[PDB]
Amino acid sequence: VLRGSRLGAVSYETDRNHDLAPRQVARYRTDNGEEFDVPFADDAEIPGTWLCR
Amino acid sequence: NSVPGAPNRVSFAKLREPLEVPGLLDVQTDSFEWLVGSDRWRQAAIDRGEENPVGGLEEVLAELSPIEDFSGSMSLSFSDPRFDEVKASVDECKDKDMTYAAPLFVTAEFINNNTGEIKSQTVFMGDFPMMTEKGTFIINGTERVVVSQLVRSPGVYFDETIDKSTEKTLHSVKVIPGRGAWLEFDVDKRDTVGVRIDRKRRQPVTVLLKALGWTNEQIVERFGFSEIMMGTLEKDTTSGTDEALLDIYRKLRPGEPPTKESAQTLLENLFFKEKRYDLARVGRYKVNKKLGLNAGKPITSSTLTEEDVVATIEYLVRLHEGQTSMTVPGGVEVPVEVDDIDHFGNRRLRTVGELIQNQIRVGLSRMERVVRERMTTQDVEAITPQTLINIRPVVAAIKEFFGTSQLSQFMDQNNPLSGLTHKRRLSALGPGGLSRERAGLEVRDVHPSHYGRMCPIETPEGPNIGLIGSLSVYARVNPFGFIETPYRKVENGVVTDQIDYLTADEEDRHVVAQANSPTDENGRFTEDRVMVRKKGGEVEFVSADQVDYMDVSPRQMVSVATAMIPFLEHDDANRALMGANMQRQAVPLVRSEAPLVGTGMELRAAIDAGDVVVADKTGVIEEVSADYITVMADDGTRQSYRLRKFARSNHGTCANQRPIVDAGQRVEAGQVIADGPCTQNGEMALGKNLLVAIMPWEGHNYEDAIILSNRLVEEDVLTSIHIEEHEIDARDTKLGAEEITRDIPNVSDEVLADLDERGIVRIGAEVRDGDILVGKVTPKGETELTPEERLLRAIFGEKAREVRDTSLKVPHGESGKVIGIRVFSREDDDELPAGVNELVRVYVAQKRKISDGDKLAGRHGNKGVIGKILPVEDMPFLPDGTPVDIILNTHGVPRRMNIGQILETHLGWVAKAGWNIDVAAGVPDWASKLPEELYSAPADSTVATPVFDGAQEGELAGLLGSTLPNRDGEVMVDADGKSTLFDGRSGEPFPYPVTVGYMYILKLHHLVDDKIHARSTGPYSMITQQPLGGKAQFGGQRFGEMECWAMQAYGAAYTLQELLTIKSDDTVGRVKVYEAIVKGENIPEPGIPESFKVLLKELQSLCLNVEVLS
Amino acid sequence: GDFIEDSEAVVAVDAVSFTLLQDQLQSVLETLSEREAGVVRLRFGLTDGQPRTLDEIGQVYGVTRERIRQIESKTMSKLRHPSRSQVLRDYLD
Amino acid sequence: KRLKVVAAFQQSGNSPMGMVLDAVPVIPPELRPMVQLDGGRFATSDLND
Amino acid sequence: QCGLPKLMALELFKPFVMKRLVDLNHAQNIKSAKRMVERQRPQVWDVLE
């Protein structure tokens, strides 16, 4: 009777891993000693600090 | 009879009616006139012997007045309500979507005592909706009916229950007000009396007694004869009046120790103050009648008192003690027994007036709170009443009632009878009453008091059985709200034509005889014993000497609809209910025709429904046209009546009126001058008379199915006009205002060929599903098209339209002719909702013919779906060549106990072909009881057979045996009602004669157009990814639990899996299955339904570690 | 919430239809010579999803941007001719 | 009566400290969505309150 | 055997009908077949049967 939508829209594209965006992973460590990984694109400019999980 | 324009319908009635059927809509109009205090009601009340009567609104205003601030330094008093002329006409209100209302004005006397000043001026209290003539309210364009509510009346109700724990008959009593808290008493199995206030924990009665100030001596003096109260007093530790308050107070205020003044005044405020407790003028009457207190004067008090509470307690004790008659000091003797809450002597009827009055009272209470709060913080001696009276809450309450209240229902305009029976409906549910899923069986079972007040036959067949009913034909509503019924007074064995209207409880003091009991020419009873009702509801024989009242007429117990069914005796109540209910579902046909065999009601029910047009004054018709009728009255005045043409009803049925008068014809006042939808010459016509043959036919009428002749399709015998409304609104958005235009993106030129310059579909154009009704577009904004779409749009170069199409289109499976358009624009200063700019409504009309699957029904509860429509030559035909229009199966009649349809079939043939009783050597014995008018009649002669005074079984045989010869000079139907039909396909005559006659059949509105559904793929719900259905196009069917059980029982695994995962919930699998079907590839395996994954996520969100492992 | 219709739903017929076009278009582009096809596939980014300016197509083709525009015009006129338009015209709606 | 629960915690190895929460999980947004109806009026589940 | 209404049958079998409409060259592609079925053009019934 009435209609609405989420805060976004859908995309019908299909392609898969055959296209690769060059990426590398940075490593971070927090105060309590936990460590985490974050994949960034090869454009890099990786930040010195990151908000982890 | 009084009605001037009645067609001459000969009647089989043998009993002379002493009372004329009252105004069937009086229950609404009289109540509303009481509410507004119209001068007619005021004069009538005086004619009834009343003195200084007060209207419903005057009562509310007087109750509100005087508004007194504490310390008594000033006061305010509302009074003198006045109504001005209604703002707009009913037709204009419907057309322009307004509310039919009149301004309300009152005077307000403001008194300043500290200076002695007095001021007053008229105050505008808002627009008050008004009941239009014929009893309906026009709210926001729609037409609404306020159904009366049947509710248990305030009063004292004693009850007794036997408990197997000790086999003792414990007793209890409840005092229920119209306002305030509750109070009840009970006797426990331990020989003690207890009190419960506001349903709190049980406490001894002596606590309450000593709270009022009673001591040991008074209790011993008055109640010393009863052991239970003495034992309770002995066990009770209370000593001193203040001690009872000490115990009572802390129960409601656990943390605050009591104080003498507040504790003592709490009881008086809780119960003995009219401010917070009210019997509402009816509980007072019932309590006075039951306990015998204060009888003989119109007590203005409505609050509880010391004497009545102790009287109720004493009554309970005596009832337990075993007394059968009781007396009270200063009162009158009364019998002792328990009270039946289902008796209409205890259940009253809130009419429309009281229902509106309650909400007016609530609104004025809020207004009073605001005024009393704000009068403390304004300049004294300079304030003005019009500057602090705030009318917003009362208007808000009135608007809420007519809009959201469960009683203010949509007018049921399926046909005149549906609307007529909806207006005088009684509902036991709604606020302040019961609910559908509660109350069990007791509230809804029939009761002996219903006779002549509420019809036992007519009632919904669904879960609302018994909770909804219809007021009797002769019943009227007492001013207090009880249902009265008329009876003839009989003195010492001779009747007397003085008719008294008795309420339910007063009838039990007399014995009432049947209406049909024979009497001598002088009025004396001719029999020695007569069959009568007794005080307990039993039916017994009694000597004629002992009778004191008599029924007005046999039709007293039936409602308006039930009175329509002929030969009601020969139909079982189970099928009579179905017959009464189906008549409310008949759709109006293109040309309606009155039934050959009917009841005398068919006339009045048509006139009182208000759908027909009647002359207001005696005169001569001066000018007649399809649109209006102009009549010149004998007094020199000229009246003009406008006939509504092809107006859409609430349910889509056409409501065309047509004139039945010729220029120069003289018409008496009240004469019908134009038929409504289902009427002919002023008589109601819900269906069609057609030739029926009762016999099985090749199995096409198997299992209640029906076979129709193709003639009914050729000659539009059962054709009906249907009208639908399609609405679209153009509003504004953040990206700009969406607009209505003829041109819309990417549509073929042919599609927009039938569109006006302004983008609306041209009037009179033929429309088919998917066609454009209103061209509309909305701003699109960001597109960022995909590379493939970019390349394609480069290939043709078409522009990327700044707007997207959202045009209104004809729904799937609809078609017709555009008969009208109504347009609202804010640029013309309309009343469009906030944020709306334009509104367009298009009316599409279609002309539905009878087709396979359409449900047909009769007046006796026999209905079925048309299984086959055969050509005329295939139908069985009479020896003279006339084909039978309809064929009904034989096996359905005898076992359903609705043999009345056969009687109707015979009498219909008797009516179609005239009859002439051979009165050559005196009247035949079987015809000795017939009136002289029925000895002969021509062909196509209508007859009337009242529901309980109609033709006997013996007269039908004679009438069948005395039917006139046909056109060619031979009789087609023998005395047994059977004819030698010829088989239309093989040509051979049927081996045995078949019953043939004329039956009245109705076209029910249960067309499956809104019940036929199909869905390959369609919309899906936002929250649950399953398909939606039942309220939109392409709805999905619900595969229930029992269907899953059947699937498992079959051993069917794959079908169930695909039903539960692919077809319903597997979001990823749906598109894969669709593309597999489209490309012709085999279906892939299902995935995990979204339901299970959501279940895991939900369990994890609740701190439960749930995982799947192998 | 049980009866809110989602406007941005995954319509099945469109979802498959697009793929068909993404195939059909390819079959049309594959009807050309690779010499012509590569320019269009790079111009509109079909090969990797990123549109390329006239100059950047010369990074593998070598010819100047104006010549790439002329080649694009030639291919663009060849495709729009009715011999190939009718193959996929009605996919626009 | 007590021994049933005590043994239930005594078995399976899992500690009983799970009855006290140092952190609580948050359900994904779309299971408690905020949706704008036709006309711009918003509807939201109770959970996100 | 059972008798199925013509229009209900068409709406229920829509995709199966469109496949045969496309490969019989009655419609140029799936979208065209979808629109043509939605219009109940005469060629539909021969394929639905």
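Residues numbered from 1 in each chain as written, not as in the entry; some residues may be left out. Chains lettered and ligands numbered in written order. Part of a larger assembly, values for the part shown. Heavy atoms only, no water.

The record names cryo-EM as the way this model was obtained, at a resolution of 3.44 Å.

Section: the packing of aromatic side chains
All names here are of chain B. With the rule as written, the count across this model stands at 15 aromatic pairs over all chains. Between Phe 137 and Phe 402 the ring centres are 5.0 Å apart and the planes differ by 50 degrees, which places this aromatic pair in the tilted class. Separated by 265 residues along the polypeptide, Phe 137 in strand β7 (residues 137-139) and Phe 402 in helix α13 (residues 392-404) bring together distant segments of the chain. The class for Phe 402 is buried, based on a relative accessible area of 2%. With 6.5 Å between their ring centres and 55 degrees between their planes, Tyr 487 and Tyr 549 make a pair best called tilted. Taken together, the residues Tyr 487 in strand β22 (residues 483-491) and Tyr 549 in strand β27 (residues 549-551) connect sequence positions 62 residues apart. (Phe/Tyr/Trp six-rings, centres within 6.5 Å; stacked < 30°, edge-to-face > 60°. Helix = DSSP H or I, 4+ residues; strand = E, 2+ residues; numbered from the N terminus. Buried < 20%, exposed > 50% of the residue type's maximum accessible area, 1.4 Å probe, protein only.)

Quick look at the interface of chain B and chain C
Each partner contributes residues to the interface: chain B has 24 residues there, and chain C has 27 residues. The interface formed by chain B and chain C includes three residue pairs in polar contact. At the level of secondary structure, the elements contributing two or more residues to the side of chain B that touches chain C comprise α19 (787-796) and α25 (1067-1079) of chain B. Top contributing element to the side of chain B that touches chain C by residue count: α19 of chain B, with nine residues. Residues of the side of chain B that touches chain C, tallied by class, amount to 13 nonpolar, four polar and seven charged. (Contact = heavy atoms within 4.5 Å. Polar contact = N/O pair within 3.5 Å; in protein donor to acceptor, adjacent residues only side chain to side chain. Nonpolar A, V, L, I, M, F, W, Y, C, P; charged D, E, K, R; others polar.)

Overview of the interface of chain C and chain A
Interfaces are frequently sized by the accessible area removed from exposure as the parts join. With 14 residues of chain C at the contact, the number on the chain A side is eleven residues. The junction of chain C with chain A conceals about 940 Å² of combined surface from both sides, 60% of it contributed by carbon and sulfur atoms. At the surface where chain C touches chain A, the tally comes to one salt bridge. For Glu 5 of chain C, the salt bridge identified is with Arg 3 of chain A, shortest N-O distance 3.9 Å. Across the chain C-chain A interface, the total number found is four residue pairs in polar contact. (Buried area = accessible area lost by both parts, 1.4 Å probe. Salt bridge = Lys/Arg side-chain N within 4 Å of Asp/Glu carboxyl O.)

Concerning a nonpolar patch on the surface
All names here are of chain D. Side chains of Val 5, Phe 9, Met 17, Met 19 and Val 20 sit close together on the surface and give an oily, nonpolar patch of about 530 Å² of accessible area. Looking at where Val 20 falls in the secondary structure, it is placed in the loop between α1 (2-10) and β1 (34-37). A residue is classified by how much of its surface remains accessible, and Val 20, at 61% relative accessible area, is exposed. (Patch = residues over 30% accessible without salt bridge, like charges linked within 9 Å, V, L, I, M, F, W, Y side chains within 5 Å. Areas by Shrake-Rupley, 256 points an atom, 1.4 Å probe, with all protein chains shown as cover.)

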